[PDB]
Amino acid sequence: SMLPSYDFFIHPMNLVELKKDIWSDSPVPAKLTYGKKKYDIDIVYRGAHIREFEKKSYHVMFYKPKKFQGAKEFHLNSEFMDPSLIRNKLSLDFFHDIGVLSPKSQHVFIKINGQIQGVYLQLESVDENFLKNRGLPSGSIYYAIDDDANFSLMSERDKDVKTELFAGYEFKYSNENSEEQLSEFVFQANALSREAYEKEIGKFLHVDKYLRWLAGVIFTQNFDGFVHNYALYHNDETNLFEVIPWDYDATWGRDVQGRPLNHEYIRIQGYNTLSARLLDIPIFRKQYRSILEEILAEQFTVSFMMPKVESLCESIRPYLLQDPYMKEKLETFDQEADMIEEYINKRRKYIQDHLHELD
């Protein structure tokens, strides 16, 4: 399980510019060498608080050649907040396994200007190539970027109806209809009555995929996954929206501050207005309960998940010993598998103990 080794060159003049204001989103030119092939790229720091680490995270945009392994860009996360370096990949792959569209990812080993930077998670860009590589129809992709991506009519800050129902999203891949399609979905999700919901919500939303995404938030326990940490995809063939996870490191027993969970938990009904409206419909409540039971029987088990944990950790461990930011804390890293295993057992019990609430 060798990791891909990427060698980046950033000209010293461009590196000075990159380091001058770490908060800038203006990229600089760079080069990537992978094996015997060289790529002209543009590179920029990514994220927010993750820019504060010496092990920076990067957004890589391919310039010439235009594509690398089917993509025009990817994200390189240090995952430094996660002592295991595996929670984000573990989560996103889990969403895929329970039937939700999800970014692919892989661990890589990077150098910049001949200096090892260590183990990174390469994350797929959810864009037009994400769709094309899965054989999915053209459409629109929107990234949840602020508190208005809440599936409600209401702006929390304004304490009023949103000025625009498409507020809260970056239009990553879009067309002339993208704004009105998103506004219509948000509107109908909130404006359809309980008596009309079962018949009509499925004209705008892929309900089974939404409920499977919701289950995924509940199983991984991303406490901020209901109104953040996702993208929307509007499939132009079916005219339906579905939800795609993003940024799932605060999962499997640790919170966004990196702390172990004590007695904190997420109720099985999850959060946000759309979740609430759906779970007021008997057929959708039963559908969701059946999704949870199915996942408890197949995917969210120690026997299924822990071999993946163990395989990921074994693949990266020798490289962590060569990582100047990680070389020291292999022992904490080694203890994360047991923490994740204990989490699975505790979370399974909670969910099983509360399934009756969906009856």
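Residue indices: 1-based, along the sequence shown.
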{"item": "Residue range whose averaged C-alpha B-factor is higher in the record, 42-50 or 310-318", "value": "310-318"}
{"item": "Which of 189-197 and 256-264 has higher mean CA B factor, as the PDB entry lists it", "value": "256-264"}
{"item": "Residue, from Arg212, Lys104, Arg134, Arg87, that the PDB entry assigns the highest Cα B-factor", "value": "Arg134"}
{"item": "Given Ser78, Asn229, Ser174, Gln221, the residue at which the Cα B factor reaches its maximum", "value": "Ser174"}
{"item": "Chain-relative CA temperature factor third for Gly114", "value": "middle"}
{"item": "Relative C-alpha B-factor of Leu296, binned into the chain's lowest, middle or highest third", "value": "highest"}
{"item": "Among modelled residues of the same chain, the CA temperature factor third for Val100", "value": "middle"}
{"item": "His234 CA temperature factor, ranked by third within the chain", "value": "middle"}
{"item": "Third of the chain, ranked by Cα B-factor, where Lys31 sits", "value": "lowest"}
